[PDB]
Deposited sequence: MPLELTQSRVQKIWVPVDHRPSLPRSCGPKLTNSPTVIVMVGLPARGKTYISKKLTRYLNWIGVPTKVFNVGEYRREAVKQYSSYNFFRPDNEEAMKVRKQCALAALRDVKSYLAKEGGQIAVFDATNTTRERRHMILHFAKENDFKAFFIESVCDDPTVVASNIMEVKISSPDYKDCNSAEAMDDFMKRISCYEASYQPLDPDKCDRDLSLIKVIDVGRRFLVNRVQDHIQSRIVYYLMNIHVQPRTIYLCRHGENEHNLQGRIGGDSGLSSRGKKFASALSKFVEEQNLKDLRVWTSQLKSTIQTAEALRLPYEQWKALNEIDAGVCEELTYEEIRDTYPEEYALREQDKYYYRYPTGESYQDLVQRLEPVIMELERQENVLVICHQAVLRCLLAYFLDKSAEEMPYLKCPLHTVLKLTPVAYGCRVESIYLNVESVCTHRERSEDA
């Protein structure tokens, strides 16, 4: 009794499955519909996209269903705010059809495509629309969680229109002034029928978060589960303040020169040159304040030492653990462990080294790093190749499949600037030679 086998890729102990003559599969917890609530230019799409990026990265399949994109597909060219008028009988029918078509795709995503979270990105400003979404959720056995963004600051509204609305495909033939004016009129079309969430009386039984004044204040009502609690925590940690994230690896180490993986080797002569070059680079950036984070491995600490700035060591930033393959070259891995080598090449994200880690394990370890990176402003993270690929996949919205192959060369700073609905990435090579540790797929 109690016979188990270790799965070759992930190294998970599973019951020995001696399937009977006729093997039967029991093909395939409740999915969630996240309902965005609020007037236009309230950062609903910003929240939708960012939350989806985070949820997918942590391993929760998430997709955004933006009703405006269904509208741009149904209606060829956008002319003006007149399309959004409450007295526009025809466009009101079209807009309802678009919302229903998005919900149809929500049902298909959650019940038939293995999706766990569907973010329904629309105004959903009326109780009637929200009652209809709730009916849709109850009949399909989906959970409903509401995220309302409330902001009456005209500076914030104008900034949102200028940053991401005027550049919308709707305003292609318009200049900045025309687009801004049309969008203000477009917002006014929604103001009369807007019924904010009322957790006090009407929406008392709804699971919701009210994000007030760009995350200055929050009203949290009836958090049912783990995922809603995580979302709430995330929303409370993110901000829209201007800042820069610099990501780089430690300067070239002795193991890099020998083509050895893992270990805790020190900087090579070139690595020490990069460390000095990094200090000059950091100085030239002229940042008011800068937080410096390293791993607990020698090579990242030695690199930070050259900066003459306070730094914090995170064990979570330590390179992927190669288990039995630690301190070995890739040639020695292929010759001593050929089965292990081939398994990794075939499934680089999920593959776990014996007594070691997978890129999947890295994500779990790096979750607190990401949450702290969100809270902070100017940060420099001095880490390792696999750790850097994971962090970069989060910021650049790269899939689990792409993640183990992202290019993160030595002696190169990745400058991340948050703009619109993501990150602008600039690469800065600090003109110090090193070996190449990048290996493409086969």
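Residues of the deposited sequence lacking C-alpha coordinates fall in the stretches 1, 30-32, 447-449, numbered from 1.
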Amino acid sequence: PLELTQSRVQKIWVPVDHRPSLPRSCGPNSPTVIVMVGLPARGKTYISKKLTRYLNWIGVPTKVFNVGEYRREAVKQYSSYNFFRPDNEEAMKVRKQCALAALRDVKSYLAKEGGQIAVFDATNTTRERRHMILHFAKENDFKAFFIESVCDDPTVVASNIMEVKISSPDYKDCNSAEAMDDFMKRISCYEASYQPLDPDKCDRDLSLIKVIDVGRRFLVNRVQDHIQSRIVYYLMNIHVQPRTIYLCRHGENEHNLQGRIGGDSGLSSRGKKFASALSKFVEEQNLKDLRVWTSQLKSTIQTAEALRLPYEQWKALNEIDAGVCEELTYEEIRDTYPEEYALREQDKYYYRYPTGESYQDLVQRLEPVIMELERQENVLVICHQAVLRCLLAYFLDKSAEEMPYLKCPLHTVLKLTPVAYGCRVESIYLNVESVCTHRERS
From here on, numbers count along this sequence of modelled residues.
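Of the other structures of this protein that model both sides of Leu416, every one gives it coordinates; not a third omit it. For the cut-off of one third of the other compared entries, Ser25 qualifies: that many or more give it no coordinates while modelling its flanks.
According to the PDB record, 16-24 carries the higher mean C-alpha B-factor of the two stretches 16-24 and 419-427. Two stretches are in play, 381-389 and 64-72, and the higher mean C-alpha B-factor belongs to 64-72.
Of the candidates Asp264, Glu90, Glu148, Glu372, the one whose C-alpha carries the top B factor in the deposited record is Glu90. The top Cα temperature factor in the record, among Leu297, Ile333, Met236, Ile117, falls on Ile333. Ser30: CA B factor lies in the highest third for its chain, per the PDB record. When the modelled residues of the chain are ordered by their C-alpha B factor, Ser229 lands in the middle third. For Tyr359, the recorded CA temperature factor ranks within the lowest third of the chain's modelled residues. For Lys315, the recorded CA B-factor ranks within the lowest third of the chain. Only modelled residues enter the ranking. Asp347: CA B factor lies in the middle third for its chain, per the PDB record.
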